[PDB]
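Worksheet: the structure to be examined is printed underneath.
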Amino acid sequence: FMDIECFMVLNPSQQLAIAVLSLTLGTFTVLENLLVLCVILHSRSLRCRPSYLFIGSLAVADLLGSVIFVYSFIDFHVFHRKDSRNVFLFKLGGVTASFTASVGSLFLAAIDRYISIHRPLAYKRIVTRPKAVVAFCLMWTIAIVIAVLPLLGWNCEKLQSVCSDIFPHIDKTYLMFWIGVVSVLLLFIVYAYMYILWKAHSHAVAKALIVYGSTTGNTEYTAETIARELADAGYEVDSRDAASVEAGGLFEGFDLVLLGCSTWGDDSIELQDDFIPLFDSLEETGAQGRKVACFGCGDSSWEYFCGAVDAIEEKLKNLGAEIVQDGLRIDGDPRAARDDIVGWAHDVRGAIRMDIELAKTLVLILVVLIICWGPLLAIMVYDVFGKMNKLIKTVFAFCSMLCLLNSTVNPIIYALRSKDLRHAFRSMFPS
Ligand SMILES: Cc1cc2nc3c(=O)[nH]c(=O)nc-3n(C[C@H](O)[C@H](O)[C@H](O)COP(=O)(O)O)c2cc1C
Ligand SMILES: CC(C)CCC[C@@H](C)[C@H]1CC[C@H]2[C@@H]3CC=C4C[C@@H](O)CC[C@]4(C)[C@H]3CC[C@]12C
Ligand SMILES: CCCCCCC(C)(C)c1ccc([C@@H]2C[C@H](O)CC[C@H]2CCCO)c(O)c1
Numbered sequence: 002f003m004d005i006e007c008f009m010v011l012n013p014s015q016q017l018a019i020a021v022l023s024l025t026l027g028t029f030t031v032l033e034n035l036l037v038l039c040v041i042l043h044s045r046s047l048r049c050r051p052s053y054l055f056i057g058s059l060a061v062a063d064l065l066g067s068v069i070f071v072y073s074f075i076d077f078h079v080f081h082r083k084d085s086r087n088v089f090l091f092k093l094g095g096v097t098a099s100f101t102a103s104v105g106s107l108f109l110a111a112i113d114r115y116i117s118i119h120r121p122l123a124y125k126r127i128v129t130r131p132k133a134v135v136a137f138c139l140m141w142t143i144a145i146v147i148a149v150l151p152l153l154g155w156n157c158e159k160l161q162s163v164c165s166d167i168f169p170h171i172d173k174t175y176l177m178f179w180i181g182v183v184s185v186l187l188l189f190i191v192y193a194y195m196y197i198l199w200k201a202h203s204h205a206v207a208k209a210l211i212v213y214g215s216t217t218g219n220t221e222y223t224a225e226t227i228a229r230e231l232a233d234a235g236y237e238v239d240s241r242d243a244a245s246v247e248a249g250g251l252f253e254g255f256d257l258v259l260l261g262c263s264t265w266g267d268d269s270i271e272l273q274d275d276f277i278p279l280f281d282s283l284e285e286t287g288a289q290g291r292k293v294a295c296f297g298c299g300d301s302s303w304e305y306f307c308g309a310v311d312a313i314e315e316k317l318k319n320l321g322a323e324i325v326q327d328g329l330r331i332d333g334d335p336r337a338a339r340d341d342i343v344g345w346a347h348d349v350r351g352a353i354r355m356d357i358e359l360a361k362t363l364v365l366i367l368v369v370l371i372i373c374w375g376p377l378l379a380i381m382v383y384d385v386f387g388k389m390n391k392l393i394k395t396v397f398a399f400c401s402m403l404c405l406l407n408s409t410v411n412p413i414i415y416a417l418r419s420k421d422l423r424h425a426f427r428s429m430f431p432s
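In this text, residue positions in the sequence shown follow this note's numbering: the first is 2, and each later residue adds one.
Structural data, given as C-alpha cells:
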C-alpha cells in the first residue's frame, strides 16, 4: 500500500497542457464516433448488405474509452481525486475494458483482411456473418472479464504484493498479463498487415524469363533488345544463355517465359547446340500452362524458315501452352529488323502493379500503432521490472494522450474510407 499523492506527478502548467489534449482529442473522438454510429444506423435502414461490425465495434470502444478515460484522468491529475481501492479500480476497469475492446476490434478487422489475402477462395467459407458476430461478442466479454479481475481480488492490496509505480492499487502480475494479451494481439495486427504489404510487392513487378541459345550471337542481339523493351515496361527480366541453365523447374515463379532458339543444321532441320540440352529437359521444367512466347533467327534462303521456333511451339502446345502470340522469325541480321523485333516485343507484351492507395492506408496504420502503443507500453514494461523516476511518470502522462489521438484518427482511417458508409452519409441530404 502507497499514497494517492505519489501518482499525481503534474504541476499547474503540466495540468493545463494535459486538460487541453484530453478535452480536444476527447471531444473530437466522442463526436467523430457518434457520427459514424449515426451513419451506420441510417445505412442499415436502406441497404442491409454492408457488415459494419469491425467499424461499429471500434466506434463503441473508442467513444466509451474516451468518455471514461478523459473524465477519470482529468479528475485524478487536475482535481486530485483520492478514491477508494475498489472505486478507483472501477473507473480503471472502465478504460481497461474499453481500450482492450478497441485494440481487439482492430485485431478481428486484421484477421479478416489476412484471411482474404492468404486464402481468398477459402475466405468466404471461413469468414462468415454468424462466425464474425460471435467473434465481437466474445471479444467484448473477454475484454470486460480481464478488466473485472482487480475489483474481485487480483490487486496489489488484497494479494500482498509489489504495487504498480504508475497504476494505483494494481498488482505487477496483472500488468504483465494485460501488456501480454494487448502486445500479443497488437503484434498480430502488425504481422497481418506486413504479410499483405509483402504479397502486394511481389506482384508490383511482372517477372520475365528470356532464355536463348545462339551461335553467332544473332539470337543474343535479338533477346538483348527483346529484354530491353520488357525491362523498359517495368519487368523483372532475367535473360539466360541456354548453355548455363537448370532443368529443375527453370520457369518457376515467372509470369512471361520467352524461348529464343536459332535454326541450324545444313542437311536437316536442327536446333542450336546450347538450346539442345534445354529442349529435351522441357518435361523436368514447369511451363505448366505458362505464358510462353517464341522467337529466333534463321534465313529466307534456307528451306525450313525458323523451323526451330516451330519445333519448340509444337512441343510447348502439346504441354501447357498459353502461346501469347505467333513466334518471331527474323533473318540473318536483326540489325535492320530492329523495328520488327521491338514491334513484335510490343504486341507480345500487348497481349497478357499494386493498389498503392489501399497499401498506403496499411502503412499509416502501423506508423500510427508504433507511435501510440510502442512508447506507452514501453513505460508499462519498465514498471514491471523494477522502479521508475518522476520523469518516467510525467512522460507516461503525455504518452497517455498518444492513444487518445489514436481514438481520434481511427474514424478517419477505417469508417471515412468506407465507400459503403461514404454513400450512406451522402444519402441524408435532399435531392
Ligand atoms: C550451317 C547452317 C545451317 C542453317 N540452317 C538453317 C535452317 O535450317 N533454317 C533456317 O531458317 N536458317 C538456317 N540457318 C541460318 C541461321 O539461322 C542464321 O545463321 C542465324 O542468323 C544464326 O543466328 P544465331 O547467331 O542466333 O545462331 C543456318 C545457318 C547455318 C550456318
Ligand atoms: C463500459 C464498458 C467498458 C463495458 C461495455 C459494456 C457494454 C456497453 C457492451 C458489452 C456487450 C457489448 C456489445 C458486444 C458486441 C457488439 C458487436 C460489435 O460488432 C458492435 C458493438 C456490440 C453491439 C457491443 C456494444 C457494447 C456492449 C453492449
Ligand atoms: C493493466 C491496466 C492497464 C491500464 C491501461 C493503460 C491506460 C493507457 C489506459 C491508462 C490507464 C490509466 C492511466 C492513469 C494512470 C494514473 O497513474 C492514474 C490515473 C489513470 C487514469 C484513470 C483511469 O480510470 C493512464 O495514464 C493510462
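All residues carry an ideal CB built from backbone N, CA and C; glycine is no exception.
Outcome for residue i when other beta-carbon atoms lying within 10 angstroms are tallied against a minimum of 16
i: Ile190; result: buried
i: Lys132; result: exposed
i: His78; result: buried
i: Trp199; result: exposed
i: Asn407; result: buried
i: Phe70; result: buried
i: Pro13; result: exposed
i: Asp63; result: buried
i: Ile127; result: exposed
i: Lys125; result: exposed
i: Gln289; result: exposed
i: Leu122; result: exposed
i: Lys292; result: buried
i: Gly154; result: exposed
i: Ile353; result: exposed
i: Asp334; result: exposed
i: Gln273; result: buried
i: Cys39; result: exposed
Residues that residue i bridges to, as DSSP identifies them
i: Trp265; result: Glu271
i: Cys307; result: Partner(s): none; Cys307 has no beta bridge.
i: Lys208; result: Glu237
i: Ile331; result: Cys298
i: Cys164; result: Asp172
i: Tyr213; result: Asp242 and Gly261
i: residue 1; result: Residue coverage of the chain in this structure runs from 2 to 432, which leaves residue 1 outside it and unanswerable.
Beta-carbon spacing of residue i, residue j below 8 angstroms
i: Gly235; j: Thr264; result: no
i: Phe137; j: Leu109; result: yes
i: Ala312; j: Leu259; result: no
i: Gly94; j: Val10; result: no
i: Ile171; j: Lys394; result: no
i: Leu279; j: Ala209; result: no
i: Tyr213; j: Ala248; result: no
i: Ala60; j: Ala98; result: no
i: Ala20; j: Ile56; result: no
i: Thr30; j: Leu405; result: yes
i: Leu176; j: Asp384; result: yes
i: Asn34; j: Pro412; result: yes
i: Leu47; j: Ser401; result: no
i: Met381; j: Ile180; result: yes
i: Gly299; j: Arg330; result: yes
i: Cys373; j: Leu392; result: no
i: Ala416; j: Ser44; result: no
i: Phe91; j: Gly66; result: no
i: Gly287; j: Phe252; result: yes
i: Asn87; j: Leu22; result: no
i: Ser215; j: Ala228; result: no
i: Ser184; j: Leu367; result: no
i: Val238; j: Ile270; result: no
Contact belief for residue i with residue j at Cβ below 8 angstroms, rounded distance in angstroms
i: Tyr115; j: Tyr53; result: Going by Cβ atoms, the distance from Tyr115 to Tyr53 rounds to 20 angstroms, so no, they are not a contact pair.
i: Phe296; j: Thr226; result: That belief does not hold up - the Cβ atoms of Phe296 and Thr226 are roughly 11 angstroms apart, past 8 angstroms.
i: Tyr192; j: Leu363; result: The Cβ separation is near 12 angstroms, so there is no contact.
i: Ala201; j: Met355; result: 4 angstroms
i: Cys262; j: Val310; result: 7 angstroms
i: residue 455; j: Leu283; result: Nothing in the structure corresponds to residue 455, since the chain is present only between 2 and 432.
i: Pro169; j: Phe399; result: In fact, because the Cβ distance is near 19 angstroms, the residues do not count as touching under 8 angstroms.
i: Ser165; j: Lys159; result: So it is not a contact: roughly 14 angstroms between Cβ atoms.
i: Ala346; j: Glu230; result: 4 angstroms
i: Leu359; j: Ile414; result: Actually they are not in contact, since the Cβ atoms of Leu359 and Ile414 sit about 12 angstroms apart, beyond 8 angstroms.
C-beta neighbour in chain D for residue i, strict 8 angstroms
i: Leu150; result: In summary, chain D is missing from the structure at hand, where a single protein chain is found.
Problem - Minimum length 4: unbroken alpha helix (DSSP H) runs contained in the region 17-63 - result: none
Problem - Length at least 4, wholly inside the region 369-426: the alpha helix (DSSP H) runs in chain order - result: 391-400 and 403-414
Practice task
At 4 residues or longer, and completely inside the region 79-154: list those alpha helix (DSSP H) runs for me, N to C.
Solution key: 86-119, 124-127 and 130-149
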